[PDB]
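Asks:
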C-alpha cells in the first residue's frame, strides 16, 4: 500500500476486442498498455479457455490487435511484418496485411492476406470471402495501379499535395481521423480465392455500421457530396446476387445497430421530430419495407456512456444471437445488459452497479469486460444477474495503491433525483479541512458512475476532495431528463451549483480552495461557470466550447449539432446562440483558468480555446493555455502516453498553485 | 518434365538441426531455402510428431533456426527481435537473445534469455542452466560494461579499428569466420536464475567440441599463444564443484570426439604417427584412473564425406545412448550408421546407397536426414536397415525436372578398385557424339557418390556427359587408400587420366571437346592437369592451389597441412614442394582455363588463383578469373544465392565457349 501517482496509469492494463470463436470454447481479446519510452501503446493478443478458465498471452511483439477468428482454431490479425509494403505505403499506396496464428498446432503467425486498401473494420463470410469497410478517396491517385513514369510522376504529386487540404463538403474533417473532404468509409467485398475487391456502397457513402448474415450484408449508409444531412439510409447487398436494394430512402431516420435477426431485420431508428438529433432510438422490425412495425419503445441511449480515463479501444456493444437481441444501455450511473426478442419480451440480464464496456455471448453463456467494485477492467462471466471474476490483470493496482472509493447518494434538484458522488481525500480526517475539485463529465449526454477514474484518484491521493454529479442533460433518465436544448447554462448550471452547495455543507471542505474542471461539454460548463460565479478559486477548461457561432462553422458536427442544442443559429435568432456562448461573459470572469486543447481536436476546434484565453488575458486575469500537437478530442482517454502525462501535470500544477 | 536450369537450385529445400525433445514425442528440425530478392536465406523451424508422423511448420519470418529444447513442449531459438539490442551490437556490444515457441500450449515466440556474448553453440543442463561456447576477444573493449565518456571513446576506437587487422599468432584467420587473431571459441556456463555468466575454458583456448551428461562437462581444448599445435587436450568440468581436471595433456593426441558413456568416457583419438594429421581416429575408453584403452580399431573418417552442393546446415553425427556410441562412417560412395557398445561389439545399422547427413536417436527409434535414390534431402526413419520416407520437401524436384542419374560401376586403377560415375546427357542418342566434363571432387579425403549434385545435372541438361570418380586419396577405403602424402599429382593424377581414358572409349564422347573442373584439391588437380596433358580443350579451376610455398604462409591450415600432404617444406626439401606445385608447369599449359576464387577464402588464399591466371596470360594462353567478394571456400555449398548463380554461370559459359 503506497500512494497513487500521476504516472501510475502507465501500469494499467486495458482490455479490448472481446471475441468468441463460433463454438464458444475460446475467447480472444487484446491487452493494451503504455510504452513510455516510445510514446505509444503495446498491443498483446490473449486467449482464455471458456471451459478450463485459463488465460494465455498469444502474441508478443506488441503491435497486434485481433480482428477476427479465422476459424475455430486460428486468429487472424492485421500487422506490419513486410518491409517492402511499409515502404510502398510511405509512397502513398494503400495496403493492409493480415496474419493467422494457430493455437492448437502452435508455432507462430503466418501471412494470409493482402488487400489493396486501408481496412477500417473486417467481417468474415468464410475462409476466402470477406465483407469490408475501408478507406476510399474520391481524389485518390491509385498508386498501386501505376508502373511507368506516371508512377514517378504520381509519387511526386502525392508529396506536393501533402502541403494542401481542399474543402468542398460541409463536414471536411472528423475528430480522430483528420481531414476527410471527399474521403469516405467505403464498403467492399473481397474474394481471396480470385483476389478480387468489389465495391458495394458507391463513391459518396460513409458506412457508419454494417452487419452480415450468410452472403447478405446489412449496412448503414449516409450519402452526400455537398452537405451531409441529418438522416442515414439502410441498404442491403447479397454478394452472389450482387443486388443493391433501396430499403429505407435516405431522408427519414437515423440508424444505429441495423442487424439481421431471424428472417427479417431488427433496427434502432428515430425521426428526430420530437426530441432532436440525440433523441433516444426506438427499435423497429423491418421486412418487405415494413418499417412501421415497432416492437419496443426504447428511452435510452444504447451504449456504455459511463466515462473514464482508463479505457483503450472498444468492443462489442450489441449482439443478435438467434431470436433475442442482446444490447447495452445506461440507466443511472450503470450499464445494463438487456434482451429484446421477436415477441417483444424485454429481460434484464445484468443490473449490477459498475460499467459493462463490451460483452460477448456464444452458447447462452455471456462474457464481458467491465469495471466493477471501483476496479480497473477485468473479464467476467455473467450468470443469473451476478458476475464471477475471471481475469486478474489489474488486481494489484488496487492492492498496491491507496484508492478512495466514491460515496454515492441520491440528489434532488430541479424536480428530479439523480446521482451525486463524493470522493474523500487520501488519509481522511473529519477534524481537518480540505480543498475540493468539482469534476463535470464532458459528454453533453453522458454519465459519471462508480467507476475507476484515474484523474480523480490522482487528486484524491494529493489531499483533495473530488466531487461530481449527473445534471440535467446527462444520460440515463430518458429524453425528458436529457433534453436541455435551448437551456444550456440554465438548469444544467443550476444542477451543478446546487450539487456544489450541498457538498460544501455536509463535507469539511474549505470553501476558499474549490476548483472546477471538465472537458468538452464540461469545458463549456467550466467556461460558463467562471463567467457567472466567483465561487471557484481556479478552473481548468479543456477541449472546450466558447463561441457557439464560430464553433458552428469550424466543427465537424457544429453546423447541425449546435442548432439542435441551442434552438438558434448565427442567422436565426443570433442573440440566443450568443446568449449560451460563455465568451459573452468572459469580461466578468475573475477566476484564473488553465486551458487544455489539441490541434487536431475537430469536435471542439482550437479557436474556442484561444478565444477564452485571449478573453481572460485581455481583462488581466491570470490564464494559461497548453496546446497539444498530434492529439485530438480523445487526448484524456486515448492520447499518447507522454501527452497524457503533460495534460495531467498541467491541470494538477494549476490546482496545486491556487488550492494549496 | 522440363529441363533443369542453372538457377533451379533456388527451389531446393535444405534440412538442418535434427533434435529430439527429452521424451521422444517431438523432434525439431530447420528448413532453409534461397532468398534471391535479398540474396540471403530464409530459415524456418519445423516439427514432426513421432507417433502422428505429421510435419508442422512452426516459424514463418525466415530468420529462426532451432537450437535446443527447453522442455518437451517448448523449442528455444536465437533471433534479433529487439531493436535496442540490435543497434547496441552494431556499435560493438555482444549479445544473444533466445526466444521460446510453445507447441503444446501455443502462441508465438517470446523472449526467454539475454546473454552478453555472441554464442556459437548452446546446450542445456536444465531450464535455468545452460552450457555455452561463444566468441571471445582477448582485445575486446567490453562495450557492454562501459558508460559515459569511456563509452563514446570505445565506440570511436571500435569504429577506427575496422581499418586494421593485427596478427601475432600463426593461424590469424579461419575460412568461413574471418580474422581470428587473439580471438577464441570459449566455453561458458550461464545460470539464468542469477544471470551469472561463468567462464570454463581459459582466455586462449579454442573449444572444438563439448558434451554434458548431468552436471558435468567434457570438452575438447586447443590452446596456443603464438602457434597452434596439432594436438588437443581433453578436459572436464563440474558446474557444482567448479573443479577443472586435466584428463589428457594437450601434447599427446588430436581428438575428434569425446563424451560421457555410463561411468567413464569414450573418445576418438590418434597420435598421427602412422598416417599423419588426417589419420583415421581409433576409439578408446578412458577409465576413472585416466588410463586410455582401445575399444574399436576404426579405419574410417567418422563423418559423412559424400560431396554435394545441395546442403545448407547440419546436425549431429555422433550420439551416445545407454552403452552404445552411434556414429557415421563413409565406406565407399555412401555413409554407414553404426553403433559401438562398451563391449566393443560393432553392429551396422544402415548401409544404404545414399548419404546420411545427420541423425538423432531417442527411444531406440532412429531418425535421420539423407539423400537417397538420387533425390534431395528428406527425413527418413530407420527400421531394420531400411528407411521409411516421412518428409516430402523435395519430392517434386525429381518429378518436375529431367534428372540424369549416374551410372555407377567399379573401376580398377593402381592396384585398387574404386567407384566410377558417368552421367548421360538428357535425351541421349547413341547415334550422336557428345561433349563431356570431368568433375574432380574437392578435398583429398572426401568422396563422390550416387547423391544429387546440382552442378552436374545442370550440364547434363545442356547436352553434356558428366563423369567423375574417387582416385587414390579419397575417403572410404581406409588410411591406406587415402595416403597420398608426397604423392600429389602422381598416382591420383594417373587414376583420373586412367578413368578419362576408360570413359571416352566405353561411352560415346567426342574426345576433342572434353572439359575438366574441380574445387579445393580438385582445383589443384585442374591446375596440375593442364600442366601435364593436352587432352582437355578447356578447364575451370575453382578455389585452387597453385603454389605450395605461397600457400604455406597464407592459409589457415597451410603451415602444417602442406607439410603433411607433400612431405616437404619451403626450407626442407624445397625442390619437392616446388615439384608438386602446378605453377611450376604453367609454362607448358595450353588449355584455356577459367578461375573461380573468393576473396575471403582462407583455406585456399587468393594468391593461388591469381598466380596460375597470370602465368597462362604471360605465355599467351586465354584465361579468365572471377573474384567473389564476401564469400569464401564454401561458395559452392553455402554462398549467397546471386554469388552461386554467378559462379555457376561463369563455369557454364566457359564450357559453352570452348566445348560447343
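Chains as they are written, first to last, in the authors' numbering: chain C, 1 to 660; chain A, 1 to 660.
The C-beta atom is built at its ideal place from N, Cα and C for all residues, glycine as well.
1. Just the chain A side, please: which residues come within less than 8 Å of residue 103 of chain C by C-beta, in chain order?
2. Whole angstroms are fine: how far does the CA of residue 41 of chain A sit from the CA of residue 8 of chain A?
3. Residues of the stretch 55-72 of chain A with a CB closer than 9 Å to any CB of chain C: list them in chain order, please.
4. I need the DSSP call for residue 91 of chain C, collapsed to helix, strand or coil.
5. Do residue 29 of chain A and residue 45 of chain A have their beta-carbon atoms positioned less than 9 Å apart in this structure?
6. Which residues does DSSP pair with residue 222 of chain C in a beta bridge?
7. Counting only runs of 4+ residues fully inside the stretch 226-273 of chain A, write out the alpha helix (DSSP H) ranges in chain order.
8. Could you name the residues of the same chain whose beta carbon sits closer than 6 Å to that of residue 182 of chain C, not counting the 5 residues immediately before and after it, in chain order?
9. Given that a residue counts as buried once 16 or more other Cβ atoms are within 10 Å of its Cβ, and exposed if not, what is residue 166 of chain C?
10. Alpha carbon to alpha carbon, how far is residue 420 of chain C from residue 186 of chain C?
11. Would you say residue 284 of chain C faces chain A, with C-beta separation under 9 Å as the test?
12. CB-CB under 6 Å to residue 240 of chain A, same chain, minus the five flanking residues each way: which ones, in chain order?
13. Going straight from the alpha carbon of residue 326 of chain C to that of residue 396 of chain A, what length do you get?
14. For the beta strand (DSSP E) that residue 481 of chain A lies in, which residues bound it at each end?
15. If residue 580 of chain C and residue 518 of chain C are in contact, beta carbons under 8 Å, what's the gap, nearest whole angstrom?
16. Using a C-beta to C-beta distance shorter than 7 Å, which residues of chain C count as neighbours of residue 688 of chain A?
17. For the 8 Å Cβ check, are there 3 or more pairs between the stretch 629-644 of chain A and the stretch 565-584 of chain A?
18. Short of 6 Å in beta carbon distance, which residues of its chain neighbour residue 438 of chain C, apart from the five on each side in sequence? Order them along the chain.
19. According to a CB-to-CB cut-off of less than 8 Å, which residues of the stretch 74-92 of chain A neighbour chain C?
20. Give me the Cα-Cα distance between residue 469 of chain A and residue 12 of chain A, rounded to the nearest whole angstrom.
21. Quick one: residues in its chain with C-beta nearer than 7 Å to the C-beta of residue 141 of chain A, no 5 flanking neighbours on either side, listed in chain order?
22. Have a look at the DSSP bridge pairing and note the partners of residue 525 of chain A.
23. For residue 498 of chain C, I'd like the list of residues in its chain whose CB is within less than 6 Å of its CB, leaving aside the five on either flank, ordered along the chain.
24. Which residues in the same chain have their Cβ closer than 6 Å to the Cβ of residue 496 of chain C, if we skip the five residues on either side of it in sequence?
25. Between which two residues does the alpha helix (DSSP H) carrying residue 612 of chain A extend?
26. Would you identify the three-state DSSP class for residue 593 of chain C, choosing helix, strand or coil?
27. Contact defined as beta carbons within less than 8 Å: I believe residue 485 of chain C pairs with residue 567 of chain C. What is the distance between those atoms, to the nearest angstrom?
28. Beta-carbon separation of residue 651 of chain A and residue 596 of chain A under 9 Å?
29. Contact criterion: CB-CB distance below 9 Å. Does residue 45 of chain A meet it with respect to chain C?
30. Run through DSSP, which three-state label would residue 211 of chain A get?
31. Go ahead and label residue 294 of chain A buried or exposed: buried means 16 or more other beta carbons lie within 10 angstroms of its beta carbon, across all protein chains shown.
32. Alpha carbon to alpha carbon, how far is residue 523 of chain C from residue 536 of chain C? Give it in angstroms, no decimals.
33. Looking at the structure shown, is residue 568 of chain C part of a helix, part of a strand, or coil, going by DSSP?
34. For residue 403 of chain C, count neighbouring Cβ atoms within 10 angstroms of its own Cβ and tell me buried if that reaches 16, exposed if not.
35. Across which residues does DSSP place residue 548 of chain A in a beta bridge pair?
36. Residue 110 of chain A: which of C/107, C/111, C/112 sits nearest, CA to CA?
Replies: So, from the listed chains and residues:
1. Within chain A, the residues whose beta carbon sits less than 8 Å from that of residue 103 of chain C are 106, 107, listed in sequence order.
2. 15 Å
3. 56, 57, 58, 59, 60, 61, 64
4. Residue state, collapsed to three classes: coil.
5. yes
6. C/206
7. Counting only runs of 4 or more residues that sit fully inside the stretch 226-273 of chain A, no alpha helix (DSSP H) segment turns up.
8. 138, 139
9. exposed
10. Inter-residue distance for residue 420 of chain C and residue 186 of chain C is about 44 Å (C-alpha atoms, whole angstroms).
11. no
12. 215
13. 54 Å
14. Boundaries around residue 481 of chain A are those of the alpha helix (DSSP H), 478-482, since no beta strand (DSSP E) includes it.
15. With 8 Å as the limit, residue 580 of chain C and residue 518 of chain C do not qualify as a contact, their Cβ atoms being about 16 Å apart.
16. In the structure as shown, chain A begins at 1 and stops at 660. Residue 688 of chain A is therefore absent and cannot be evaluated.
17. no
18. Closer than 6 Å at Cβ, skipping near neighbours: 467, 500, 516.
19. 81
20. Pairing residue 469 of chain A with residue 12 of chain A, the inter-Cα distance amounts to about 25 Å.
21. 92, 154, 157, 158
22. Looking at the DSSP assignment, residue 525 of chain A forms no beta bridge with any residue, so it has no partner.
23. 413
24. Excluding residues within five positions, the ones whose Cβ falls inside 6 Å are 471.
25. 606-618
26. strand
27. 6 Å
28. yes
29. yes
30. Three-state DSSP puts residue 211 of chain A in a strand.
31. exposed
32. 14 Å
33. It is coil, neither helix nor strand.
34. buried
35. DSSP, once it has assigned bridges, lists no residue as partnering residue 548 of chain A.
36. C/107
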